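Same order as they appear, the protein sequences are chains X, D, H, C and L. According to the numbering used here, numbering within the first sequence proceeds without interruption in unit steps and concludes at 183. According to the numbering used here, numbering within the second sequence proceeds without interruption in unit steps and concludes at 393. According to the numbering used here, numbering within the third sequence proceeds without interruption in unit steps and concludes at 1452. According to the numbering used here, numbering within the fourth sequence proceeds without interruption in unit steps and concludes at 301. According to the numbering used here, numbering within the fifth sequence proceeds without interruption in unit steps and concludes at 749. Quick reminder that beta carbons are idealized off the backbone N, C-alpha and C, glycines included.
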Amino acid sequence: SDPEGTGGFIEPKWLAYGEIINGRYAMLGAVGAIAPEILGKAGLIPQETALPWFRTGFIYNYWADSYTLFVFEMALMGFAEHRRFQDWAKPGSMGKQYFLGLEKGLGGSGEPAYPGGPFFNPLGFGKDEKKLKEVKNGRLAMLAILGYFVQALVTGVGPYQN
Amino acid sequence: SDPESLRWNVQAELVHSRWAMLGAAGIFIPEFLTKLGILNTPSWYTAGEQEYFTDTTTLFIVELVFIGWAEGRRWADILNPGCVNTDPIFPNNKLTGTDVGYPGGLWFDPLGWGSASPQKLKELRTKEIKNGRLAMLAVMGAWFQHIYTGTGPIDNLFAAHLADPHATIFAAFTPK
Amino acid sequence: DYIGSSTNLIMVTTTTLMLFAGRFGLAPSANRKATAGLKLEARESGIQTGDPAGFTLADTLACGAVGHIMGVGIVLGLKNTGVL
Amino acid sequence: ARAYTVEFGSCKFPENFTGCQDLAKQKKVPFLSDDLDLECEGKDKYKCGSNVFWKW
Amino acid sequence: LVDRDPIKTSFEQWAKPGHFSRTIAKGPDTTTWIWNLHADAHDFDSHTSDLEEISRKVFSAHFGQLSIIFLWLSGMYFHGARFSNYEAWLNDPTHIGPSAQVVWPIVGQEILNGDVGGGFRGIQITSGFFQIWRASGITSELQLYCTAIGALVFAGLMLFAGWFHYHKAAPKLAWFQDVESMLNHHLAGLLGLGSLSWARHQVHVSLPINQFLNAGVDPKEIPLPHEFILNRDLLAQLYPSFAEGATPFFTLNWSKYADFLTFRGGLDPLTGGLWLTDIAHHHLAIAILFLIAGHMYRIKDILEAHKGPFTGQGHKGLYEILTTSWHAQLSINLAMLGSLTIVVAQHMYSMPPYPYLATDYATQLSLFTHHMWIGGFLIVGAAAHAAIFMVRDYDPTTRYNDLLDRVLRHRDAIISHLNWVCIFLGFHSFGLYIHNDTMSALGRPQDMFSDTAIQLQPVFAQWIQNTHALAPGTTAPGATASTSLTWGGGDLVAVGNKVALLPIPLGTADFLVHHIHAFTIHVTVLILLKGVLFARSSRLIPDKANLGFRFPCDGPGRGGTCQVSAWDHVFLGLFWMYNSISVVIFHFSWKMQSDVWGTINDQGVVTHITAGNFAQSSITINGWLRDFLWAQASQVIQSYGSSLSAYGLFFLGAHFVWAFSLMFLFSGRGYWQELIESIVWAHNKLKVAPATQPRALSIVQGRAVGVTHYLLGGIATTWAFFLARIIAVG
Ligand code: CLA
Ligand code: CLA
Ligand SMILES: CC(=CC=C/C(C)=C/C=C/C=C(C)/C=C/C=C(C)/C=C/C1=C(C)CCCC1(C)C)/C=C/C1=C(C)CCCC1(C)C
Ligand SMILES: CC(=CC=C/C(C)=C/C=C/C=C(C)/C=C/C=C(C)/C=C/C1=C(C)CCCC1(C)C)/C=C/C1=C(C)CCCC1(C)C
Ligand SMILES: CC(=CC=C/C(C)=C/C=C/C=C(C)\C=C\C=C(C)\C=C\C1=C(C)CCCC1(C)C)/C=C/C1=C(C)CCCC1(C)C
Ligand SMILES: CC1=C(C/C=C(\C)CCC[C@H](C)CCC[C@@H](C)CCCC(C)C)C(=O)c2ccccc2C1=O
Ligand SMILES: OC[C@H]1O[C@](CO)(O[C@H]2O[C@H](CO)[C@@H](O)[C@H](O)[C@H]2O)[C@@H](O)[C@@H]1O
């Protein structure tokens, strides 16, 4: 049958809750701070023709990790985002195993969310010691923050505050 | 919510597909088979050595006289006889329909069990790779573009140009 | 900063001039026309005390109170008050 | 193939390296070098105020 | 309808004769219903007796206009791009004479394609892109080629919002049937946030990128594709980066400035398109309002309020049903939208807003008559649709005893006056001219009405024009010249190719056209006014809202009983307005060229396209084909074998099509029947006709194929007559 797409007060919000969750670790720059020593800046159009920003950052933007094959990625691995969205509609058989061979008890996990198959290795608490939209809410309070920090300048002048 | 589209003659398009791409089967491996340098080089001075050419557009007649006979006398009597006039059995004729072809005629029939059936087993072969030809010569018939377009230097037409790294052609593989 | 810092506080001289003169002028509304200088509820004079307009429209002059001479024709005389 | 090996200087160390081609050091210490000069120093320490904005 | 309500098929209705009122298109065959179907296709007395949907259609089948205006414009930006002449013309204006369109040399074609400027074969333009396009804080041909697809972007999307309505299971009532906010929004931030946003991209980028164009260069010897960011360093030439100010207010010092704006008025010597140093300030000074303004408000309250003695008790309550009409809240609009378009048509020619207009004569009068026929074709409409109200829209009569029920109360009255108004005019407003002929052909000038014989004396001046160009000495601040250079007082020096605007003098031969307009504007309106007013009931027919606002004519009785209705008042009211506009046009160019347009050289001895021939000689209404029609038009009937030629070569057709209207306008109906059978007979003998009962035209269709033709005839006639006497000398 024809594919589906139910709107209803607030799908737009479940997938809109989700969009920012992904963008909260695609926040990247300060979540994984080792990520950019200077990688937040993409480094457009700085040909051995010419130039970057403008007075920039300048003591390209950069050395680089370049290239092409940028569309093929975001498309091809977007050709997976909509599969853990179909496959586990369910009727399970994913573990096609191998025709012969009884020696395949070996499992791996199950369906995972978190420390894996299950949680696991029961046995725990000594020390580590002394609601999950908050695990969302605070990372747009990390997202939209670099947002203005791209253009984060007064330039002609600077910190009035100071 | 969905198109009222399925042609009813949606049945025909598919045995029109057994045409286009089983036929295009005889293209993928004869072309990309080539033989690079078998020993090496083709030398074709034969029926074209010295008799003022051979074919080109006298090629078309000699090619498509018996291809005219072949393709022409194909869908016409794939099966359907009876063929007359008045009322509908729905595709846009089916004047054969309930009648197989001839009441008490001759050997209109191929094989036993009052049908044209060549038995039930043979779904194995011609379902996958043979209609794969459909979905293969889809993007591997759309390798057409990659193989030539970009017009190996000689020709740029209405010069906009607009970009320049390096050329594009065919041989297999790729930079990167 | 700059003189614009003593002007950062001058955001107050308009915005607080505006919004502090705000509520009263819309407070006992549902009124439209009318007041005391017309149709029935007389206690005359001009009077005395009733806010927004009076105080803050007088504060535009006020901002020019202590910064006066200051800037103006810069510093003169030997202590205008006589006290040491 | 300046920098098949962006090899350059000293090792080490004292100062303004960046030779000598390259140059200079332009504003040096933590700056530039960043590059990445290195290191971090009981400085200086950039942050504001100073450099004594030595201009002029 | 029928197949197959309701729950039970997807399966769409393709096949089974008819739909549209109920002994419908009947099984039994006919033709009339094929003009039916297209006509009245949009309408509402059928589709459903229930509002609901309709507003759910009109908010969609609306949409596909924007999207269209959007597929359009694209083929115009593309067109005004790679079919170039814009690059060529801009480094080289005063000089060029622009193109966008070009043939392909099939058959006769090519004659139409005739050297236009930056070195190429094509057909010209009187549609002032190449001049909005001055704008381009950037320049580049492939660039417009982005603005272009930027166009097709808005479209497909601003056209899948129309899928994303009606066809998608729709909003409802409240959504529009709560109106409470609508203009709140609209005027505040778009009306505002455009004009606003337009400010930001009207000094940022444009001002500077023609601040130093008005001199020379060849583009990209100027205005990069990014260049205009943070770099507030070239914004250095065209005022401060605020230097020491912070977000206007006052503790600011000017010992020498006052931000961009520094208000102009007049006209650039080198590009008299009016100054831009202003154009930001005025759009800024707009938006604010809208920005403040669109902040009413929530509705009755304000109209439920001020009444009086004779005034409008129903003023109070002036329509619950103004959230429940359309046909009403469309007709109102058209009068404004429409009447608010031809107010353009002036402020344009006596105040150009684009670089290179006036000098460009033909590329802003086309304008001033195109814009001019909408500020009229949209007004008769703005009446029609009120008639459409006045007849039907509401369910019952819930609306009562008010401003209207009032106006109607008098009605053989408001239109009783207005009438005499017109015959007072007409006699003072046309036979006025006819005097002249009868007495100048009699010939005794002593006694004409000349700008000089009947007492008026070498001055017009002392009125209000002369207190306009001279007002920069009131509460007025100032700024050299006026507001509109065409005013009485001071100044001359305007432009170095040809001319632009200068005073524009008056008296008589300006006095009386100005009056024919009155009488023409008035008797137009009489017929629409009385038309829409007497919409539903009367003492020629009271049983007279009983079908719709059309209906042919009630019937041979009562004497006449034919025209009546109000489709038809909106049929003979077009008939006039075609004049209303068609003679206002006739006015402007005969002025604007008899005086104004003309030309400088040494000692700027002015040399109008015509040494004011107007003078003593429009006053004669023959002079109007001595000096006009037979004078100019000699360019239409010389125009063969050329490049424009498509005008002379139209000017015969369309000067034919009109003279085909009369046949549709002037004739019976069971006539072409009585004829259509003789035909139908000869048809049957060979066995070749009956199926789909061939039928003559639907009494009022017939009038539909008058009128519409009479206009697309009688009009493009001049659309040709014009472009052929501004291209080529003028
Ligand atoms: C050229 C560019 C460069 C850039 C700019 C990007 C950019 C992007 N890539 Mg990517 N990629 C690159 C090179 C690049 N890639 C290369 C060279 C490869 C080959 C490996 C990939 C392989 C790759 C894959 C497989 C995917 C991406 C995805 C993405 C997108 C994911 C966004 C994200 O923040 O996920 C990471 C941010 C998070 C908050 C997720 C946290 C999850 C972590 C902990 C798992 C990995 C960390 C791990 C423990 C490290 C162990 C080592 C292990 C790699 C062997 C993003 C737009 C993803 C995507 O966008 O799919 C639709 C995914 O598809 N890339
Ligand atoms: C905001 C405005 C606008 C809108 C949305 C409407 C909407 C409507 N009008 Mg309306 N109208 C308008 C402005 C508008 N009008 C104006 C300005 C006028 C004054 C002329 C009118 C005069 C008018 C009348 C008299 C009628 C309507 C009617 C209607 C309704 C019928 C619609 C229909 O079937 O299309 C009609 C369009 C056609 C059938 C297409 C034929 C167009 C021909 C004449 C071509 C025009 C010439 C052109 C040059 C030809 C193309 C070029 C060619 C040479 C290649 C509909 C609700 C009708 C009704 O009965 O109400 C329910 C009634 O007929 N209108
Ligand atoms: C300049 C260059 C380059 C390159 C390279 C390249 C470079 C290539 C390209 C390719 C391309 C492709 C593959 C595609 C593309 C597309 C695009 C880029 C687009 C974009 C866009 C924009 C911009 C916006 C809108 C959207 C779009 C998408 C349209 C070069 C340079 C140089 C020098 C210095 C010297 C010599 C050497 C070299 C090294 C050479
Ligand atoms: C979304 C937007 C916007 C905008 C802006 C806009 C939204 C603008 C607009 C404007 C508009 C305009 C500007 C209009 C125009 C029009 C036209 C141009 C037309 C014309 C014409 C005429 C005259 C008539 C008819 C014909 C034609 C069409 C031609 C934004 C938003 C936002 C948000 C939320 C976030 C933050 C940022 C912001 C920004 C705050
Ligand atoms: C004879 C003819 C034609 C004529 C024609 C004529 C003799 C005329 C016509 C005309 C048309 C028209 C005319 C249309 C149109 C149009 C247009 C496009 C317009 C536009 C415009 C506008 C926009 C608005 C207003 C203004 C104007 C008009 C400009 C033809 C004939 C024929 C034959 C033999 C047979 C076959 C068919 C044919 C081939 C067909
Ligand atoms: C001339 C005239 C006619 C006769 C006009 C007619 C019959 C015009 C209709 C002719 C149609 C449009 C011809 C349609 C035939 C073609 C569409 C069929 C072939 C299809 C094409 C391929 C040619 C009237 O019917 C009429 C009615 C009311 C008032 C005045 C008049 C009036 O003046
Ligand atoms: O093995 C990965 C590769 O990337 C590393 C991780 O190993 O880290 C940076 O370097 C790559 C280039 O290889 C960057 O694209 C990557 O995204 C960076 O984090 C580097 O050490 C390795 O070369």
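Residue environment, residue i, which counts as buried when at least 16 other CB atoms sit within 10 Å
i, result
"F647/L", "buried"
"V589/L", "buried"
"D289/C", "exposed"
"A652/L", "buried"
"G1414/H", "exposed"
First and last residue of the uninterrupted alpha helix (DSSP H) at residue i
i, result
"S358/L", "346-358"
"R722/L", "719-723"
"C256/C", "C256/C -> no alpha helix (DSSP H), and no H or E assigned at all."
"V603/L", "591-613"
"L338/D", "Per DSSP, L338/D belongs to no alpha helix (DSSP H) and is neither H nor E."
"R688/L", "Note, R688/L: premise wrong, no alpha helix (DSSP H); not H, not E."
"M409/L", "400-410"
"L250/D", "242-250"
"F283/D", "283-292"
Residue i Cβ short of 7 Å to ligand 3 heavy atom set
i, result
"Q68/X", "yes"
"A246/C", "no"
"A167/L", "no"
"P382/D", "yes"
Chain-ordered chain L contacts of residue i [CB-CB under 8 Å]
i, result
"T1375/H", "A265, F268, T270"
"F75/X", "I248, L249, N250"
"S218/D", "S29"
Contact list for residue i against chain L, beta-carbon separation under 9 Å
i, result
"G1441/H", "Within chain L, no residue comes near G1441/H; the closest Cβ sits about 16 Å away, beyond 9 Å."
"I1437/H", "The premise fails here: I1437/H is roughly 16 Å from chain L at the closest Cβ pair, so nothing lies under 9 Å."
beta-carbon residue i near ligand 1 non-hydrogen atom, thresh 7 Å
i, result
"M98/X", "yes"
"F91/X", "yes"
"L49/X", "yes"
Under 7 Å from the C-beta of residue i: neighbouring residues of chain X
i, result
"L277/C", "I80"
"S658/L", "Correct list: empty, because the minimum Cβ distance to chain X is about 52 Å."
Cβ-heavy atom distance, residue i to ligand 4, below 7 Å
i, result
"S274/L", "no"
"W123/L", "no"
Contact test: residue i Cβ vs ligand 2 heavy atom, cutoff 7 Å
i, result
"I407/L", "yes"
"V399/L", "yes"
Chain-ordered neighbours of residue i on chain L, where CB pairs are closer than 7 Å
i, result
"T1424/H", "Going along chain L, no residue has its Cβ under 7 Å from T1424/H, so there is no contact; the nearest lies around 16 Å."
Partners in chain C for residue i, counting only beta-carbon separations shorter than 8 Å
i, result
"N183/X", "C293"
Residues that residue i contacts on chain X, provided the C-beta gap is smaller than 9 Å
i, result
"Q271/C", "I80"
Partner residues on chain D for residue i, Cβ-Cβ distance less than 7 Å
i, result
"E31/L", "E221"
Where residue i meets chain X, residues with beta-carbon distance less than 8 Å
i, result
"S260/L", "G177"
> What are the complete alpha helix (DSSP H) segments, minimum 4 residues, inside the segment 50-130 of chain L?
Replying inline: 72-80, 85-88, 93-96, 105-110
> Which residues, taken in chain order from the segment 1393-1413 of chain H, show a beta carbon closer than 7 Å to some beta carbon of chain A?
Replying inline: As a matter of chain content, chain A is missing from the structure shown, whose protein chains are X, D, H, C and L.
>> Which runs of the beta strand (DSSP E) at least 3 residues long sit entirely within the segment 646-688 of chain L? Give them in chain order.
In response: none
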